[PDB]
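A.B. asks: When the count follows PDB author numbering, it moves up by one through the sequence shown with no breaks and lands on 1300 for the last residue. Where a beta carbon is used, it is the ideal one built from N, C-alpha and C, also for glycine. Pasting a structure below so you can have a look.
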Amino acid sequence: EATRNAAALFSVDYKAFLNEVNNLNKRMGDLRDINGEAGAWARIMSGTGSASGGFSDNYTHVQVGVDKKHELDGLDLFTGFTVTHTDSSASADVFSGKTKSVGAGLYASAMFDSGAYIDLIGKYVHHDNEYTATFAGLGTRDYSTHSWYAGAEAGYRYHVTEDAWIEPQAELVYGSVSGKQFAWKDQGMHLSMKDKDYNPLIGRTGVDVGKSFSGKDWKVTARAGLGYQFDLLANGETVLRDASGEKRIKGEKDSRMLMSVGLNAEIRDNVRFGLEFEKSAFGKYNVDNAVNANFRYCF
């Protein structure tokens, strides 16, 4: 059903918004064991996933930016600005979309000597997607709209031992994006398709242990643990019309799980080793992940 296609598109948009989440301590720079007062940084990654009924997607997201920071009486204040761009391609039974969400925002991050760090990010992007769909007579349509979302998080990387730090953390994010309003007159019937002002929110709780290895012989960032993400708000209401009647739809909560990072290894100022761990929990909602492994060295 074209309503099912629209619901799948809304779920894909929610997944993209969740992916718009980047690591506070890894992608956004660690608040602990990072003495970089001012400097530039970047992080580029890729992901892949799927759902039931043949829905799947693959995306690449790259972000960069700069930051300034200074210490205080037992506190390390930090802030900065960044930009990001996430391109994605999703394949379904009757829907094939190519989306691009490029934007920018600002972030803050502070930590102390007592083992507590507070981080936050927030950015606005412009999601524009060319989607080819047969059901409802959508054709090849370009749905473009802005989307501003900001999240906050708090972690406590307490010293579990001399070779690891135990970090419990929580996060909560709120985001708003304009709906996809277009006419389905290409199908013969009116079938007006539009959505209300979506204002999704999502919280998450995650625990981890991080190996603070050094010595240029270990020099790795081994981490383990688990985290669970539950939607704080799902207000993605949309309206569809048909000859027999009209319908309205909205979103519900989620119970997504997570995993850890594989190696994230290095030795010296000329070697960097990478390896990612992925999970494909097809039992719950036919979910999946994307992982990679590479390393860089020069003579």
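Can you check whether the CB of residue 1075 is closer than 9 angstroms to the CB of residue 1122?
C.D. replies: Taking 9 angstroms as the Cβ cut-off, residue 1122 and residue 1075 do not qualify as a contacting pair.
A.B. asks: Which residues bound the alpha helix (DSSP H) around residue 1014?
C.D. replies: Its alpha helix (DSSP H) spans residues 1003 to 1020.
A.B. asks: Is the distance from the Cβ of residue 1172 to the Cβ of residue 1206 below 9 angstroms?
C.D. replies: Cβ atoms of residue 1172 and residue 1206: closer than 9 angstroms.
A.B. asks: Return the chain-ordered list of same chain residues with a C-beta closer than 8 angstroms to the C-beta of residue 1164, the five sequence neighbours on each side being excluded.
C.D. replies: Cβ within range, chain order: 1212, 1213 and 1214.
A.B. asks: In chain order, which continuous runs of the beta strand (DSSP E) of length 3 or greater are located wholly inside the region 1188 to 1230?
C.D. replies: Here the runs fully enclosed are 1202 to 1211.
A.B. asks: Below 7 angstroms CB to CB, which residues in the same chain sit around residue 994 once its five sequence neighbours on both sides are set aside?
C.D. replies: What the structure shows of the chain is the stretch from 1002 to 1300, and residue 994 is not part of that stretch, so it cannot be assessed.
A.B. asks: Kindly give me the distance between the Cβ atoms of residue 1150 and residue 1175, rounded to whole angstroms, as I take these residues to be in contact under 8 angstroms.
C.D. replies: Going by Cβ atoms, the distance from residue 1150 to residue 1175 rounds to 7 angstroms, so yes, they are a contact pair.
A.B. asks: With DSSP as the reference, identify every bridge partner of residue 1279, one or two as the case may be.
C.D. replies: For residue 1279, which the question treats as bridged, DSSP gives no partner whatsoever.
A.B. asks: So if DSSP puts residue 1059 in a beta bridge, which residue, or which two residues, is it bridged to?
C.D. replies: Answer is 1049 and 1090, bridged to residue 1059.
A.B. asks: Note down the Cα distance separating residue 1292 from residue 1087, rounded to an integer number of angstroms.
C.D. replies: For residue 1292 and residue 1087, the distance between alpha carbons rounds to 17 angstroms.
A.B. asks: Can you check whether the CB of residue 1109 is closer than 9 angstroms to the CB of residue 1077?
C.D. replies: No; because the gap between Cβ atoms is not below 9 angstroms, this pair is not in contact.
A.B. asks: Around the C-beta of residue 1203, are 16 or more other C-beta atoms found within 10 angstroms, so that it is buried, or is it exposed?
C.D. replies: With 16 or more Cβ atoms within 10 Å of its Cβ, residue 1203 is classed as buried.
A.B. asks: Given that a residue counts as buried once 16 or more other Cβ atoms are within 10 Å of its Cβ, and exposed if not, what is residue 1036?
C.D. replies: Classification of residue 1036: exposed, given that the 10 Å Cβ count is below 16.
A.B. asks: So, do the region 1187 to 1197 and the region 1062 to 1073 have three or more beta carbon pairs nearer to each other than 8 angstroms?
C.D. replies: Judged by Cβ distances under 8 angstroms, the region 1187 to 1197 makes no contact with the region 1062 to 1073, as fewer than three pairs qualify.
A.B. asks: CA-CA distance, residue 1043 and residue 1053?
C.D. replies: Approximately 34 angstroms, taken between the alpha carbons.
A.B. asks: Going by DSSP, what residues sit across from residue 1042 in a beta bridge?
C.D. replies: Answer is 1066, bridged to residue 1042.
A.B. asks: Among residues of its own chain, excluding the 5 on either side of residue 1057, which ones have a beta-carbon nearer than 6 angstroms to its beta-carbon?
C.D. replies: Here the set comprises 1051 and 1092.
A.B. asks: Measure from the alpha carbon of residue 1274 to the alpha carbon of each residue in 1258, 1045 and 1220, then state which is nearest.
C.D. replies: If we check each option's Cα against that of residue 1274, 1220 comes out closest.
A.B. asks: With a threshold of 8 angstroms, are at least 3 pairs of Cβ atoms found where one atom belongs to the region 1237 to 1249 and the other to the region 1284 to 1298?
C.D. replies: No, the region 1237 to 1249 does not touch the region 1284 to 1298.
A.B. asks: With a CB to CB cut of under 6 angstroms and the five nearest residues on each side skipped, what residues in its chain are close to residue 1148?
C.D. replies: Answer for residue 1148: 1126, 1128 and 1178, listed in chain order.
A.B. asks: In the DSSP output, what is residue 1154 paired with across the bridge?
C.D. replies: Residue 1154 pairs with 1120 and 1172.
A.B. asks: Cutting at 6 angstroms between CB atoms, please list the residues of its own chain near residue 1263, excluding the five before and the five after it.
C.D. replies: Once the five neighbours on either side are set aside, the close Cβ partners of residue 1263 are 1276, 1277 and 1278.
A.B. asks: Quick check: the Cα distance between residue 1281 and residue 1009, rounded to an integer number of angstroms?
C.D. replies: Computed Cα separation, rounded: 19 angstroms.
A.B. asks: Identify every residue that forms a DSSP beta bridge with residue 1240.
C.D. replies: Paired residue(s): 1195 and 1249.
A.B. asks: Considering only the alpha carbon of each residue, which of 1096, 1033, 1023 and 1031 lies closest to residue 1138?
C.D. replies: Closest option to residue 1138, Cα to Cα, is 1096.
A.B. asks: Taking the beta carbon of residue 1039 as the centre, do at least 16 other beta carbons fall within 10 Å, making it buried, or is it exposed?
C.D. replies: The residue is exposed, with fewer than 16 neighbouring Cβ atoms inside 10 Å.
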